[PDB]
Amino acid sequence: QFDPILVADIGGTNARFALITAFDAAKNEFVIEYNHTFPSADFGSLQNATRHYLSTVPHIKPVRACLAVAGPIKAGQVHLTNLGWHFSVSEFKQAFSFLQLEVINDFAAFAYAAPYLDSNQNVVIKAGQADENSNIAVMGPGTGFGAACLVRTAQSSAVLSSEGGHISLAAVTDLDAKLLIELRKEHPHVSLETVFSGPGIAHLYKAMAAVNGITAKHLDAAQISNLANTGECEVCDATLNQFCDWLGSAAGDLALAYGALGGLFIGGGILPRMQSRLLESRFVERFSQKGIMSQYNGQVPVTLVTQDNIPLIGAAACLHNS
């Protein structure tokens, strides 16, 4: 009989709670039940939010818990000053008499989750052959660019949390190069996140406009994607294709940096909205265009994550594999 786990996805506008009630060895999937979302604004503390949630499912009183936090964890201390939630992992554990409590970052949760994803609920960007005994890379263009790695060796395993979104962005093509020169005019340091993010799409548009000899209007990502579709902004359509192309190069670099023969997953909320453009782009060609390591990246499967509960699956995987 599986020992239930309380899992939570906190830090954003909405806090999400659920109960892990079983693990199916066949499907290699955690069974998640009683999935409840609520505005973080409804509570003055995480403790309160948690007490409320547990009161709605009192027949299952978990003594194991893991919270995935889209915020900073500095020495057993969590500060979501944004929400007004500040708590000690130690006291939170005490408050609910948890025998086991893990508090992890959201991308760390994405890395923990990687081996337990719904195969039939995701999109293969590039086939195909995963090495079960090697590392898995996870990345996600969103508000910023997050990158992490589930490190698996013949001695142990752990999750590499990083600031990999901030590494310098390299040029591969002549167009890349020209765009870096323009980008650097507004961004002394042009990193992955300078381009591969919600704000980055706007940055990339401004640069593309400049390269094409056009004064750029004040557009954000959604506006850029819309105007591209209606054919009212040629530079917008080219910007989004360049985004996909370049991303391929960056994803390939991270696959090498993280030795990701276990596979590379692309999450976040932006890329799943660009699925058709991504699959039509030069992403895959650029992904494995890596000199003597071309064959290596040729073997690495790249998957676009489409399921919605990654943080919860990760929290579950983290605590259960402790």
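The first residue of the shown sequence is 1; numbering continues from there.
Segment of higher mean CA temperature factor, 22 to 30 or 291 to 299: Going by the record's values, the stretch with the higher mean is 22 to 30.
Decide which of the stretches 10 to 18 and 309 to 317 has the higher mean C-alpha B-factor, going by the entry. Between 10 to 18 and 309 to 317, it is 10 to 18 that shows the higher mean C-alpha B-factor.
Which of these has the highest Cα B-factor in the record: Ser249, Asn241, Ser162, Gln94? By C-alpha B-factor in the record, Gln94 ranks first.
Maximum C-alpha temperature factor, selected from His189, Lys126, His218, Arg152: Top of the list by C-alpha B-factor: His218.
By the record's CA B-factor, is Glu234 among the lowest, middle or highest third of residues in the chain? Within its chain, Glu234 is a highest-third residue by C-alpha B-factor, going by the deposited values.
Lowest, middle or highest third of the chain for the C-alpha temperature factor of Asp253? For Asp253, the deposited C-alpha B-factor lands in the lowest third.
State the tercile, meaning the lowest, middle or highest third, of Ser45 with respect to the CA B-factors recorded for its chain. Middle third.
Position of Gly262 among the chain's modelled residues by C-alpha B-factor, lowest, middle or highest third: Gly262: CA B-factor falls in the lowest third of its chain.
By the recorded C-alpha temperature factor, relative to the other modelled residues in its chain, which third is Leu80 in? According to the entry, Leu80 has a C-alpha B-factor in the chain's highest third.
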